[PDB]
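Next comes just one chain, in structure tokens: the form deposited without the partner chain.
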């Protein structure tokens, strides 16, 4: 509890999971260094009860966590797991970013997720 991504989410509207080209995907954060630009996105599925009384699936959201932090802090870069996709800027160090850690929403608002110029966002995905 009291732990969250440092950034706002990407919303999925299509059917394909989130995917980034090699070297792309890490959100902008001017308080981090080139060594830190590596991590993963984690899918969060939302389900609400619709008008018919049955549960309906909402659009999935994907949250970025620096490598070695977040709900899959123990996962090494590249580990295969459903809902987890890995991203890294070229040159980033394959080390845990415990100095960055996660965000306490009671203490800090989320950084608005932004991707650098030229990034290919897959079809159906949009930043909140």
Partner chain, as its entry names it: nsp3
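Take the two forms, superpose them, and find the largest set of C-alpha atoms that agree within 1.5 Å; that set is the rigid core. Numbering follows the first chain given and starts at 1.
Just so it is clear, the following notes concern the form solved in complex with the partner chain, a form of the same protein that is not shown.
Asker: Any chance residue 64 has a heavy atom within 4.5 Å of the partner chain in the deposited bound form?
Answerer: No, residue 64 is distant from the partner.
Asker: Just give me the residues of 51-66, first to last, that have a heavy atom within 4.5 Å of the partner chain in the deposited bound form.
Answerer: Contacting residues: 51, 56, 58, 59, 60, 61, 63.
Asker: Let me spell it out: fit the two forms on their rigid core, measure each listed C-alpha, and pick the one of 34, 50, 74, 78 that moves 2 Å or more between the shown form and the other one. Which is it?
Answerer: The one that shifts is 50.
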